[PDB]
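Have a look below at one chain only, the form deposited in one PDB entry, in structure tokens format.
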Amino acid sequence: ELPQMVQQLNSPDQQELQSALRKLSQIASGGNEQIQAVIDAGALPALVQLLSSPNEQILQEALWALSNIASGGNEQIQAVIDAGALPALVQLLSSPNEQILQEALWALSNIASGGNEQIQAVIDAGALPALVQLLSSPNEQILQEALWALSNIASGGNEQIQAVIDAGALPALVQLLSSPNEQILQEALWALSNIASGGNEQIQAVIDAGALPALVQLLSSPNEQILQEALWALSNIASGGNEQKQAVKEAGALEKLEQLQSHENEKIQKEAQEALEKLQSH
């Protein structure tokens, strides 16, 4: 019975509540179909309500369930947003409890893994200032969690990318390119690459932030993994705002890049004339 659990989300019996929660986390896993069934049973209102709980045991598992639900499709992500989860998630980003912070960042990043509609909701909720603050954290675990969420946000449209820039993320990112920690370097380059996958305005901001000297320095690295990550980002920078020459750090991006080469031709037909005509009008 699924409604029994949903009912039991309002139970004052913490033992009966915790069982319905962890079981819901189990149901939320296993595909968007089970996710949708949870959504249809009307659980989200009570779920989000528990995000204000001072009971870390309940809060944790609650965030766990919301994250699973948010791992579904954009439609299923949007239901989470509609339920009103973002404002509570954003405030939890200031928590001194690293356990809660991870769960909050996990849920928030899954929401930011959807469409620009979902990404923009994250931005409109005020999540970027907190995320940027965390980039200065000496906790490598917190740092990864924050970059993961920022990366997903920077994977959207140019306006989303620009929001990230205006939030002051680039200075922290550039400083991390000097880290001797290859794991931090990967995470930082991942985020940068998504940011460099925007328009000329966005790319120029990366340059103005002093990213190139560090990227250039890494081209000499004997670490093939660093090399790929550095080249990826620099390649996006050298794209000139042309999204057919950019690739967001996601599966299928390089394959798509190759396919677009054999179809930019008719798109390159009109650039060459724009070049000749503009020159002939010197």
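Residue numbers here begin at 1 and follow the sequence given. Definition used throughout: the rigid core is the maximal C-alpha set that superposes within 1.5 Å between two forms. Residues that one form lacks are left out of the comparison.
Not pictured, yet referred to below: the form deposited in another entry.
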Exercise. Taking the rigid core as reference, does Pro45 move its C-alpha 2 Å or further between this form and the one not shown?
Worked result: no
Exercise. When the two forms are laid on each other by their rigid core, does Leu215 show a Cα shift of 2 Å or more between this form and the one not shown?
Worked result: no
For this session: Note yes or no: does the Cα of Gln246 move by 2 Å or more between this form and the one not shown after the core is superposed?
Result: yes
Problem set entry | Cα distance between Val248 and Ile237, which in that other deposited form differs by 3 Å or more from this form, closer or farther | closer
Seminar exercise, completed: Against the displayed form, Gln244 vs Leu173 by Cα, in that other deposited form, with 3 angstroms or more change: pair is closer
Exercise. Can you list the runs of 3 or more residues whose CA atoms move by 2 Å or more between this form and the one not shown, with the rigid core superposed?
Worked result: 241 to 282
